[PDB]
Amino acid sequence: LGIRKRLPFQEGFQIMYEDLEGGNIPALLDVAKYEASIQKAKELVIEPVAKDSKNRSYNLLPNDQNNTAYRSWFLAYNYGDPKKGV
C-alpha cells in the first residue's frame, strides 16, 4: 500500500480509528439542493449530502455537519496536524 511505520523496530502496526484524528472526510456539498437556490433566488442553500443515492447513510457527524464520520489515512497525514498524529 505504502503505509509503512516510522520506528519499525517497535512491535505492533495498527491503523485504528481515533488515530487518524484530523482526517475526517469532508461532507460533499449537496449540489442538487443548490443551483436550485440560485434559480430560486434569481427568479444560497449550502448543505451537505448526508445520504447515499440508494438511501445509504453517509455517516455525517451528529453535531459537526460538513465533516463525515469516516476517517481517511491520507487525511490526518497530509492535513492532520503533524507532530501529533499519523
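- As summarised from the PDB record, the model derives from cryo-EM at a stated resolution of 3.77 Å.

Describing the overall build of the protein chain
- Scanning the protein chain from N- to C-terminus turns up zero helices and two strands.
- On C-alpha atoms alone, the protein chain measures out to a radius of gyration of 18 Å, which is more than a quarter above the 12 Å that the 2.2 N^0.38 rule sets for 86 residues.
- In the protein chain, which comprises 86 residues, the proportion classed as buried is 14%.
- Within the structure as shown, the protein chain displays about 7500 Å² of accessible surface, and the carbon and sulfur contribution to it stands at 53%.
- Placing the 12 positive and 11 negative side-chain charges of the protein chain at their respective mean positions leaves the two points 4 Å apart.

A short note on unusual backbone geometry
- Of note, the phi angle at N66 is positive, near 80°, even though the residue is not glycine.
- Mapped onto the elements, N66 comes out in the loop between strand 1 (24-26) and strand 2 (67-71).
- Given the relative accessible area of 47%, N66 is considered partly exposed.
- In this structure, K83 is a non-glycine residue whose phi angle is positive, near 75°.
- Positionally, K83 belongs in the segment after strand 2.
- Residue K83 is classed as exposed on the basis of its relative accessible area, which comes to 86%.

As for a nonpolar patch on the surface
- A surface patch of nonpolar side chains, amounting to about 360 Å² of accessible area, comprises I25, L28, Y58 and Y70.
- If you trace the backbone, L28 turns up in the loop between strand 1 and strand 2.
- For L28, a relative accessible area of 51% translates into the label exposed.

Points about the side chain of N24
- Here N24 is to be found in strand 1.
- By relative accessible area, which is 12% here, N24 ends up buried.
- Among the polar contacts listed, one links the side chain of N24 to the side chain of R71, at a separation of 2.8 Å.
- Once you skip the residues sitting within four places of it in the chain, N24 turns out to touch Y17, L61, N67, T68, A69, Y70, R71 and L75.

With respect to the layout of surface pockets
- Considered as a void within the structure, the largest pocket measures approximately 350 Å³ in volume.
- Together, 14 residues line the largest pocket, and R4, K5, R6, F13 and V86 are the ones closest to its centre.
- Among the residues making up the lining of the largest pocket, the classes are represented as six nonpolar, four polar and four charged.

About the criteria used
Residues numbered from 1 in each chain as written, not as in the entry; some residues may be left out. Part of a larger assembly, values for the part shown. Heavy atoms only, no water. Helix = DSSP H or I, 4+ residues; strand = E, 2+ residues; numbered from the N terminus. Rg over C-alpha atoms; globule rule 2.2 N^0.38 Å. Buried < 20%, exposed > 50% of the residue type's maximum accessible area, 1.4 Å probe, protein only. Areas by Shrake-Rupley, 256 points an atom, 1.4 Å probe, with all protein chains shown as cover. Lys, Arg positive; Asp, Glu negative; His and termini not counted. Charge placed at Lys NZ, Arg CZ, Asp CG, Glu CD. Patch = residues over 30% accessible without salt bridge, like charges linked within 9 Å, V, L, I, M, F, W, Y side chains within 5 Å. Salt bridge = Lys/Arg side-chain N within 4 Å of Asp/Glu carboxyl O. Polar contact = N/O pair within 3.5 Å; in protein donor to acceptor, adjacent residues only side chain to side chain. Contact = heavy atoms within 4.5 Å. 1 Å grid on protein atoms, 1.4 Å probe; cavity = no way out; pocket = protein on both sides within 12 Å on 5 of 7 lines; lining within 4 Å. Points joined across faces, edges and corners; volume = space filled by probe spheres on them. Nonpolar A, V, L, I, M, F, W, Y, C, P; charged D, E, K, R; others polar.

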